[PDB]
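What follows is a set of notes on a single structure, which appears directly below.
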Amino acid sequence: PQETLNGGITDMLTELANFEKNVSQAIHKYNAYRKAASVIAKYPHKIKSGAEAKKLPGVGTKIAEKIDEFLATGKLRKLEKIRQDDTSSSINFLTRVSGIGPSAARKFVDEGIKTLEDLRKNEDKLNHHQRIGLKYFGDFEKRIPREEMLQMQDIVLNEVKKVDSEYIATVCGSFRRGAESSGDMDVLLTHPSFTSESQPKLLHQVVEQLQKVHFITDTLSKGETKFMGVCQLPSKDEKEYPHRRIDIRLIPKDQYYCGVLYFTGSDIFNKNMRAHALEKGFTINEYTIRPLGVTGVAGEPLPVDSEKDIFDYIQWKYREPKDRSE
DNA sequence: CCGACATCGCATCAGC
DNA sequence: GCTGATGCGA
DNA sequence: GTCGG
Ligand SMILES: Nc1ccn([C@H]2C[C@H](O)[C@@H](COP(=O)(O)NP(=O)(O)OP(=O)(O)O)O2)c(=O)n1
Ligand SMILES: [Mn+2]
Ligand SMILES: [Mn+2]
Ligand code: NA
Ligand code: NA
């Protein structure tokens, strides 16, 4: 649908979502507003009343009431007031820095630290992750053209197999869903000598190699199965590429497809699949799917030899990654 | 009137 | 020293 | 905030 049909309303709900998330520290209200904004974005009519939007799943009394005020007056006083509030705005803005959540943002603002310049004046008071998020603040909010994502994929696929021929690196996330641009790169790593039943430094060597060739530039978090960090394409003396976020995850190779499914997403989709499963007598996570039982006590896990397998167990139509936006 | 809305890895904090 | 809780994030 | 127990 043309976004201007109910663009005023979806914007309003999205702002409210971000504020509940970053300032009120209520993730479920953030999700509620998101859900209401999303479903309205699909509505192929121009909303005339709150009671009309009330019909859509995820729109209840409070939001329908807020829509009525917006249509009848062109704004939302609560949203107008929040926007002029120095404290709420600062807290909200600071959470745009990677590593800074609602708790840290609130405490920063409480001690007068409110801008990026304030943060730069106070490196002492930031932890390692936050410093990096601050350093590449602009870059991390840049979107990554798919062409560059392909360039980034080449490097990873190359260096991965260079360490050991039987690794299997799989770019998931928005990229796998075929998006024209991505927020970051998500790499899913698997190796034969690592199973659920089950060679140790399996993730570490790959990361080390990507640092070796100067592809990985910074580390946010690193462990046995999880990597969170920063990368950069090498420049062709023509100008330099932005620093990008990259997540790497080493997963039980015999659970490869539940992982590919989870880390391909989307965000709402993974959520809808798990919630559906429950209404239908199943429970999925990133590793297993397992039929809860009669009583709803999980039974044993199943074999899965392709993504479609999981789609079959609860039997939705196998939707291509491109289709899993919700 | 009121609880679910998923769960996890890693960094760091609170405390023994 | 350690375990467990919290924060932030995927 | 919304849905549904
Ligand atoms: N809260 C979250 C966060 C991430 N995820 C999963 C699904 C996402 O596809 C995946 C990766 O996170 P992600 O990189 O943040 N999003 P995703 O790659 O979809 O989109 P982008 O912003 O990168 O473009 O992990 C999730 O299921 N629930
Ligand atoms: Mn991503
Ligand atoms: Mn990611
Ligand atoms: Na409704
Ligand atoms: Na943040």
Side-chain angles (χ1 to χ4, degrees), chain A residues 12-14 16-17 19-22 24-40 50 53-67 78 94-108 125-133 140 171-176 182-189 203-204 207 219-230 245-252 255 258-279 282-290 292 296 298:
Chain A
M12 173 184 73
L13 299 179
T14 296
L16 290 171
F19 156 84
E20 296 291 353
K21 174 158 92 62
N22 301 322
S24 284
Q25 302 171 231
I27 193 62
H28 300 299
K29 293 221 209 169
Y30 162 73
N31 278 326
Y33 276 116
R34 255 166 101 222
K35 179 184 225 203
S38 159
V39 62
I40 285 178
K54 213 164 188 179
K55 297 188 171 186
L56 308 182
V59 182
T61 304
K62 289 248 204 72
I63 286 165
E65 178 182 325
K66 293 191 181 78
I67 288 177
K78 269 154 145 185
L94 283 191
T95 62
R96 284 169 59 180
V97 182
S98 177
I100 300 181
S103 187
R106 169 169 305 269
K107 255 171 226 155
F108 274 142
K125 296 159 161 294
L126 277 64
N127 63 28
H128 182 70
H129 185 155
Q130 292 165 348
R131 297 187 171 115
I132 306 281
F140 288 173
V171 185
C172 301
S174 49
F175 180 83
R176 191 169 193 267
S182 288
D184 70 350
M185 174 163 286
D186 309 277
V187 172
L188 191 128
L189 207 63
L203 182 67
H204 168 79
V207 172
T219 303
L220 299 170
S221 88
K222 175 163 138 54
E224 312 141 65
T225 55
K226 188 160 172 227
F227 177 80
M228 250 185 38
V230 188
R245 275 277 290 109
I246 177 168
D247 302 318
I248 305 172
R249 216 208 181 65
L250 183 76
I251 161 165
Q255 300 184 314
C258 282
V260 160
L261 177 65
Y262 177 86
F263 296 108
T264 297
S266 113
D267 183 38
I268 304 95
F269 170 80
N270 281 348
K271 165 150 162 178
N272 288 340
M273 177 138 179
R274 85 184 83 100
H276 170 240
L278 226 66
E279 64 179 299
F282 296 97
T283 179
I284 319 188
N285 49 59
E286 43 183 273
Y287 308 103
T288 89
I289 183 212
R290 282 185 163 220
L292 47 89

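Below, chains carry the letters A, B, ... as their sequence lines are ordered, and counting in each starts from 1. Quick note: numbers below take in every heavy atom, side chains included, and nothing from hydrogens, waters or symmetry partners.
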Per [X] side chain, nearest of listed nucleotides [options]:
X      : options                : answer
A:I63  : B:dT12, D:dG1, B:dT7   : D:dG1
A:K62  : B:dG9, D:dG1, B:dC5    : D:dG1
A:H129 : C:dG9, D:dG1, B:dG9    : C:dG9
A:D184 : B:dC10, C:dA10, D:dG1  : C:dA10
A:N127 : D:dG1, B:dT12, B:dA6   : B:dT12
A:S221 : B:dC10, C:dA10, B:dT12 : B:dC10
A:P102 : C:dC8, B:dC10, B:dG9   : C:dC8

Between [X] and [Y], what is the shortest heavy-atom contact and its length?
X      : Y      : value
A:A36  : A:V59  : CB-CG2, 4.1 Å
A:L56  : A:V39  : CB-CG2, 3.8 Å
A:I100 : A:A104 : CG2-CB, 4.1 Å

Please look at the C1'-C2'-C3'-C4' dihedral of [N] and say whether its sugar is north or south.
N      : result
B:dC10 : south
D:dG4  : south
C:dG1  : north

Atom [atom1] of [X] to atom [atom2] of [N]: distance rounded to whole Å?
X      : N      : atom1 : atom2 : value
A:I100 : B:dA11 : CD1   : P     : 18 Å
A:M228 : B:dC10 : CE    : P     : 11 Å
A:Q255 : B:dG9  : CD    : P     : 12 Å
A:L278 : B:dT7  : CG    : P     : 10 Å
A:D186 : C:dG9  : CG    : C1'   : 12 Å
A:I289 : B:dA6  : CD1   : P     : 17 Å
A:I27  : D:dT2  : CD1   : P     : 17 Å
A:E286 : B:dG9  : CD    : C1'   : 9 Å

Note to self: What verdict does the side chain to side chain contact (heavy atoms under 4.5 Å, CB included) test give for A:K222 and A:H204, after you've listed the backbone C-alpha separation in whole Å, the side-chain angles of each residue and the deciding distance to 0.1 Å?
What the structure shows: CA-CA 8 Å; A:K222 175 163 138 54; A:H204 168 79; 3.0 Å; yes
When all nucleic acid strands are considered with a 4.0 Å heavy-atom cut-off, which category describes [X]: base, sugar-phosphate, or nothing?
X      : answer
A:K21  : nothing
A:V97  : sugar-phosphate
A:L220 : sugar-phosphate
A:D247 : sugar-phosphate
A:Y262 : base
A:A104 : sugar-phosphate
A:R245 : sugar-phosphate
A:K35  : nothing

Check whether any side-chain N or O of [X] sits under 3.5 Å from a backbone N or O of [Y] as a donor-acceptor pair, and report yes or no.
X      : Y      : result
A:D186 : A:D247 : no
A:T264 : A:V260 : yes
A:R290 : A:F282 : no

Do any N or O atoms of the protein come closer than 3.5 Å to N or O atoms of nucleotides 2-6 of chain C, and which pairs are they?
none

Of A:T225 and A:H28, the one whose closest nucleotide on DNA chain B sits nearer the 5' end is A:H28
5'-most contact on DNA chain B (nearest-nucleotide basis), A:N31 vs A:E224, goes to A:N31
In this structure, CG of A:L94 is separated from CZ of A:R106 (nearest 0.5 Å) by 11.5 Å
So OG of A:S182 and CZ of A:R176: to nearest 0.5 Å the spacing works out to 13.0 Å
Measuring to OP1 and OP2 of C:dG7, would you say a side-chain N or O of A:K107 lies under 4.0 angstrom away?
no
Practice item. Measure distances between side-chain N and O atoms of A:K29 and base N and O atoms of D:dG1, and say whether any donor-acceptor pair falls under 3.5 Å. Key: no
Exercise. Stacked, yes or no: B:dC5 with B:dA6, six-ring centres under 5.5 Å, planes under 30°?
Worked result: no
message = Give me the distance, rounded to whole Å, that separates D:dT2 from B:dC8 when you measure between the P atoms they each carry.
response = 29 Å
Rounded distance in Å between the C1' positions of B:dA6 and C:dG9
14 Å
Would you check, one step at a time, whether the test side chain to side chain contact (heavy atoms under 4.5 Å, CB included) holds for A:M273 with A:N270? CA-CA 5 Å; A:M273 177 138 179; A:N270 281 348; 5.7 Å; no
Mate of B:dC8 across any strand shown (Watson-Crick or G-U wobble, both atom pairs under 3.5 Å) is C:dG9
